[PDB]
RNA sequence: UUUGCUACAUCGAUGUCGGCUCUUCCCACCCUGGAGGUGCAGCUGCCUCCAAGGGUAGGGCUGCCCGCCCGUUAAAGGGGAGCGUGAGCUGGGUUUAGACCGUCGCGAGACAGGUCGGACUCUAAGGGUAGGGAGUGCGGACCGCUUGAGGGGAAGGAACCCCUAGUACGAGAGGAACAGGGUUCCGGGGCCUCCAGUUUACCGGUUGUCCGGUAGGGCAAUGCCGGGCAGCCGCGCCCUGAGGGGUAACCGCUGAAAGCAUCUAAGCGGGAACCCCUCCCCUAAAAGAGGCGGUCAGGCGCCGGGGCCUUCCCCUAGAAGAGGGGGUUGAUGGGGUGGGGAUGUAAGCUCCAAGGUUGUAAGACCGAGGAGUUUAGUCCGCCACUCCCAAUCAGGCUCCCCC
RNA sequence: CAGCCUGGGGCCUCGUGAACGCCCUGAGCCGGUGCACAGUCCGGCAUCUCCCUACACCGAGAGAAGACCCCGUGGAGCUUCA
RNA sequence: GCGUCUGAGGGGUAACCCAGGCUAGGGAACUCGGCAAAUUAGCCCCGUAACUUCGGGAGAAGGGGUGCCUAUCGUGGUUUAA
RNA sequence: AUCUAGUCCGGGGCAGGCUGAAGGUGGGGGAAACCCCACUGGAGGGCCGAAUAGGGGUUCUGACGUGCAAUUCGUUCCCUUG
């Protein structure tokens, strides 16, 4: 939303039908990557996603009122080894996303676990309720 | 900057940050160290090629 | 139903064959660009590579004024020993053949290194006088002026060889009369890379890539493994069809040699020209190469070709940006390439 | 492009749907470029024309095609090439033999109505293709370096963002573009610095086993497992402008025809992912078959030697060939010494040891294991120094044209 | 969305040692003509020879008087209210 | 008992084929179809649904322990043997 | 009718385990009707499982497909006291 003109993107992480946890207080707990915004691909190359990407998933485990529903989020946690511009390598023990409202602000009001610095700039609303940033 | 496991000197531009939910930091000289915790759980003390031997 | 697909493999470089001289040569030269007599390239060797720490010099860099990490290749730069001057002119039929050569090592150069590979001139008729003034007589009707130089690998134990290569470089500068005199001086002596280059320049690379042997189509042109079932059925590592008909069994991926090619490289900016071997030598002797003991060229990115290949360098043909000198550094990795 | 008829060709076979991979073409342009009109404030529109250089996805249902739909994207164009492609493939549809079901039949059974299974052959004579090699001519033998006719290209293409600018514009809601930067994606060419993987080089633990016990070993599709060098690739990293010329459509100007007018008729200027030149790649089998440097001696056909090749030792390289080196005037490979690495601390010795065996006691004896003896020991297709050993003996081919 | 390694083949070398396609050896490609898709014909474009390996694109490649449709006052079989 | 399921030697071993091993991250997006391949697996104990033809289903499901050594103990057999 | 189909006669085989019907016995709950538990008991066209114990040939449409052979080989299945 605000920083993607910089080095928005890193080594390949995820794919369609990839399952991630919901790290907030929204009510959703488990979600599967259903689609990728923006990206355009080529023959047989599965579409991509990593940290700080407008991503589209659906609710698999969570409150019934959100079960089997469509919502937007951003990617905050990945297991991939990758190289930061200052040449450090960051990883997250699992893969998590935070659901965002269609305007851009997160739907949830709480944040679970650390987030790589990159998401905060691309989504300052996330940084608004962000607790710790790595 | 010291390895979480072998603790030895980390010559710059390598290693990997495996950040947990707690925000703790894990530093590995190579793959040997990373396996030493994330999957081996073996004792750093139990061996004698890390300074934490005794 | 016949979905879109870019033609796979690279049709641009057909034919793909192996070079006939280990040390290639440029076929064009970037313009002189309004300056004085000096050379436009250099020779060297591929010693190894590492990663380096610098402040960004690109004024428009997104990383400007910060320390970022970047792989960097080392190029030992042994001194160059010139041989002769070659005359090119619009001859009969309006072509640019060699008018004449101008050799001189009888006045200086009691070196049998050249003798190892060429049974070169004797003192009996070292009468280049009538040759040299021929240039003077043919002055003002000359177009290009290259230079005969040789490498001196015997000053580098890393490459266990003693018969050297003699190769060419075209010189641009001010007036033609100046250039010949400029070259005339350079004969019979030794020339450092600093005599041609300075830090912060761009440089071009033509050389021979890492050979690989006869290859497979899977590897040669990155053709695709057939899906699933062929990993079990009738064969997997081949293209299915080979053309609509004998109407040109065409430029299609077919096996053959890959590597050892004459190739190209653009937009390479140097980092450091140091002279202390201890500043760059890694731990335990650089891998597969030895211990650099002459002046070296600190070039980032990747450089084509296998270790222990001569490399011939060149000014930028289509430089992307005009660089300033000295992208200062902050760290050099002396750690073992092993481990 | 289908679909209707035609039976001219194929019945001693042109093997039939789809799909997969892979190549190319075409333009009736989906997007990207150029120009314009508009019931075009701007964005979004709608439409015409030129333009085939490039791109034109990923999924669900259906075997397909078709069709319906999901979420992005610039859109997710349509057709050909024996409905491109089985001596490249899948057999899902469909063309047999077994059965069931529905309609009809007294019956053999028929159905174009549905459903389960049902064999997919070939060592490339010749060409094409992709590489790699010998020779003749170009011209006596050579060694070396170069000129650079044509050949191919997409060697780049695309999007998003920063600021322009919350500006222009519109009352407002809303909301531009030029240049300039940058990023990403896809594609193209490289490379292993680091990371990931790889590691039947190596090291350890450890089951079962036997070789008398330890040790050291055989084996058990590396016995299993843990680790990881180099090398190689990737999920890693690096490079991947623009301009000059001629043009399309068209936009102009000077201008008569035809006094005026008229962009056009001659005349003149601009004007595109359009064609070419600059870029890279292979080129003296280019027949005009190039040029330049040097040597081929010396002496009396002869002596002689000079060049080259093989042989020799290796690897920058690889199917051999080739290519690159070295060859006593030497660091090319082994040895040795150091250097830097991988495993993870050799044996034996000592001490301790859950308890027990003794032994009057004292003491000594067994014991899976822990510690020191010890960043050990083993190993390292890596580096340097060191002439200790090895590059010799030998064979072949050939020049004396020039004085 | 591909990658590395191992055994046997495949590479090479000694020995043994076949069969298939053969009017031919004269077959490069492109338009054209013609049984309406050529190796010879027509018009161009090129095109030095020899050798080895990989590819099966073509040779309307080879394998088999097509398993389908129909004809023959041709068979066989089955059935019945012939 | 065999080195006779009877041809062998060279090599840094190209591609490729057949047998395999292993692959980060995602985990059916491939695909007509999860085909293949993988995962589990011996044993003891605990614990075990709906339904039903009451017999099973039923190794339903699921959970826990399993080595090596220093000791022991219990049970039973056996030797002319309550 | 040395193959196969069938039958008859006379012969030769199915390593090891598991499961546990009937019945028997003893506890225990209540005078009863009889019920629960423990063991014993060893019935069944029952179950797992020995490449070549023996049988069939299931998927890999897996290799060969001018063979190991004019019907196989390796994988990979189901049966095994009737």
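Sequential numbering from 1, following the chain as shown.
The way this entry was determined, per its header, is electron microscopy, 4.9 Å.
Any Cβ shown, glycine's included, is placed from N, Cα and C.
According to Swiss-Prot, the protein has these features:
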| type | residues | note |
| --- | --- | --- |
| ZN_FING | B:3-33 | zinc finger |
| BINDING | B:3, B:6, B:29, B:33 | Zn(2+) binding site |
Ask   = Which of the listed binding-site residues (B:6, B:33) has the least company, meaning the fewest other Cβ atoms within 10 Å of its Cβ?
value = B:6
Key: Any further residue of that chain within 8 Å (Cβ to the Cβ centroid of B:3, B:6, B:29, B:33) of the recorded Zn(2+) site   = B:4, B:5, B:7, B:8, B:10, B:27, B:28, B:30, B:32, B:36, B:50
Message = Quick test of the contact rule: Cβ under 8 Å, at least six residues beyond the ends. What residues does that give for the zinc finger (B:3-33)?
response = 44, 49-52
Note = Students should find that the Cβ of residue B:3 (Zn(2+) binding site) has, within 10 Å, a number of other Cβ atoms equal to 21
Task = Could you tell me how many residues in the zinc finger (B:3-33) are helical, how many are strand and how many are coil under DSSP?
result = 3 helix, 4 strand, 24 coil
Inquiry  = Test of understanding: give the count of other CB atoms lying within 10 angstroms of the CB of residue B:29 (Zn(2+) binding site).
reply    = 22
